[PDB]
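One chain comes next, on its own, written as structure tokens: the form deposited in one PDB entry.
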């Protein structure tokens, strides 16, 4: 991913965008009860906490592009993954407009809670001014799409979230790319059935975890990944993708039955157009996180990428024994014979990908069921029923969440949600967590689920 050109939005016939400068995150009543290393991400150039240039920091992810062609490794990779997806019977027929907007099995309706993007954001128009779930009206929508058309610039916002102290100082905040309502709809029309099929089939045939429920899915993963484990991290995956990977995606979509008309949509992903504050800029390469389908297309590409690197590095290898599950850039995999991830990373580098040891380790170590994570969660066999596996989110990450709030009105819901994450750590850890919550006046006012209840509900989930 690379920024090709920047101009003033005025020059390009676009208004300056009002972009929020202040966090919603405030310290909670629990801020001093627990330890934590994270604060709200820098959102503006005049943050007291900066030790670096902010705008320089947030755009540094566009590391550049490699200019290479779709080589023989990619081709075989695409053919192999296309071979799996053919079993699923993905329809390339457009999704009915009502389903695409207001939801159908395997595909939830648009989010009317979120901004409608350009041009609406500068017209003072909201998604709910245009759509309504109670009524399912398409009238007003078709009119806005005919009026403003397709391929609108995406609007860049800084993501309001917790980040480590280090990333605060270095101004390393994350960016999101708001997709225009029109383009979201158009995307969902064209690729909705693929979206649905993926959401209905998390596992090793889609090669995707999108649509999984970790409480249930974790027990299935070791059965599907029965070989020697493969795992590693990427740095700035999305922004690091060079156009050649998008060429790969277009090719696999074609093998699924898609027409050049439809794979043309990917061109507007790869070669994208953005508004940030008062600037209009064009990016070549990079998945613009926030466009419709970012999760699924990122996962599909991840599936191409890993196969490619395997075939490049181990010439001769049999992919039919290979298994992988991606969520965007997050990946867990297995092969019956050992694989040196550090070599895959070196091949990665040549393709413009930055691959590091899993979970920010500093050497590419053996990946074990003991130390492998996925969706920030460890794997732990139940002591009683060893075929059931606990998704174990680190108490320290749970601690980071509880120390902040965007609205103390939500304290009950917030803490209860964390309890459903925490209990998988064990009765002892849970109770300690419950105690510290009760060690403070607001804590003693909350209704908190008992361990035994959580365990019972979970066990019941498998019946």
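In this text, rigid core is short for the largest set of C-alphas that superpose within 1.5 Å between two forms. Numbering follows the first chain given and starts at 1.
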query: 133 to 141 versus 327 to 335 - which carries the larger mean C-alpha B factor in the record; finding: 133 to 141
query: Of 65 to 73 and 47 to 55, the stretch whose C-alpha atoms average the higher B-factor in the entry; finding: 47 to 55
query: Peak C-alpha temperature factor (PDB record), options 283, 317, 239, 251; finding: 317
query: From 272, 92, 292, 206, residue of greatest CA B-factor; finding: 92
query: CA B-factor ranking of residue 411, expressed as a third of its chain; finding: middle
query: Record-listed C-alpha B factor of residue 443: chain third; finding: lowest
query: CA B-factor placement of residue 382, once the chain's modelled residues are sorted into thirds; finding: middle
query: Third of the chain's Cα B-factor distribution that residue 396 belongs to, per the entry; finding: highest
query: Residue 220 by Cα B-factor - lowest, middle or highest third of the modelled chain; finding: lowest
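Only in words, not in the display: the form deposited in another entry, which the text now covers.
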{"property": "Single mover in 442, 25, 454, 17, with Cα shift of 2 Å or more between the shown form and the other one when the core is superposed", "result": "442"}
